[PDB]
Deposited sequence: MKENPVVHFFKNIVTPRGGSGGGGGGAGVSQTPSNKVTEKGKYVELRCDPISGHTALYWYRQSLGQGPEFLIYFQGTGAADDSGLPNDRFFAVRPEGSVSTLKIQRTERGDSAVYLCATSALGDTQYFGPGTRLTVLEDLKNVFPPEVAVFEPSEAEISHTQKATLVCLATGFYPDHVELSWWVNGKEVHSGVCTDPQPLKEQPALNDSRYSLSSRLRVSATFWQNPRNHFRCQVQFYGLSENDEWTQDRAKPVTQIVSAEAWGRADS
């Protein structure tokens, strides 16, 4: 009801087409220190940070106008602090991370402040320990001859099993160049053993192509699965390879007749 207006001041002058946020996933354990970066749409003077626990919608954290914070009321506690030293790229710093900090941290920019555009976001997964981090094993299965003759179509199946935490990006590649048509990936992985909180995950995807395309031996198929784990510098004193962020794939070639 009756609200007084005023002239909104604008950040004075002197990124890309969309707001960027890399990486998409960062896994660590309780107590470590984590930083999240955001490269804004070039020109945008306003920049926000929002947090999203799944099942829910984004919720406000901090709002920057140029170099300074215009609103930081959303910061959950004193362990969170953000900066944008140049009214451009912003960084959200979190100290002594806790399991409860796990969520997707979204970044959004606005030319002036009202119309906000979001970045892809970075999912932050904080574990008790990195003792249970495993990269996926990837296997690909060739088309049933029966399907080819009955439908004149050929379906390939990819299976990524054994990974933890449950966040991986699976994609299909054909003769270089990723493909999207004819692809179906389960929207959510299934626990290999539901009665456990330390369960590992499996995921599947299918790539369906015309029979003639699968029957051309010059065609090369690849199932690629990007996994996010520890990095090179991390400490690993376990009796197995260090589960570093990596890519695991499997191939197949179009079989003749």
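Judged by missing C-alpha atoms, the gaps in the deposited chain sequence fall at residues 1-3, 18-24, 268, listed in sequence order.
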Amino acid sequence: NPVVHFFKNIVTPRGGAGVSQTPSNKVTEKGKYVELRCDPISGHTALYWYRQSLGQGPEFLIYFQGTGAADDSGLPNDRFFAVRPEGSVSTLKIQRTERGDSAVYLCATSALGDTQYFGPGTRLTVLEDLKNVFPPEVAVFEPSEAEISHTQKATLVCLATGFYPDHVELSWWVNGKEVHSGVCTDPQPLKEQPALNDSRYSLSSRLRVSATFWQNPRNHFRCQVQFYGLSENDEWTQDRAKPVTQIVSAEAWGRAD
From here on, numbers count along this sequence of modelled residues.
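The PDB entry reports B-factors from which the mean C-alpha value can be compared for 126-134 and 112-120; the larger average falls on 126-134. For the segment pair 171-179 and 94-102, the entry gives 94-102 the higher mean B-factor, averaged over Cα atoms.
Considering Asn216, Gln193, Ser210, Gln226 together, the PDB entry gives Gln193 the largest C-alpha B factor. Of the candidates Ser202, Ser205, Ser231, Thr45, it is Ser231 whose Cα B-factor is highest according to the PDB record.
Sorting the modelled residues of the chain by their CA temperature factor places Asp72 in the middle third. For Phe141, the recorded CA B-factor ranks within the lowest third of the chain. Only modelled residues enter the ranking. Residue-level temperature factors show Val3 in the highest third of its chain, judged at the C-alpha atom. Split the chain's modelled residues into thirds by C-alpha temperature factor. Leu36 is in the middle one. The entry lists a Cα temperature factor for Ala17 that places it in the highest third of the chain's modelled residues.
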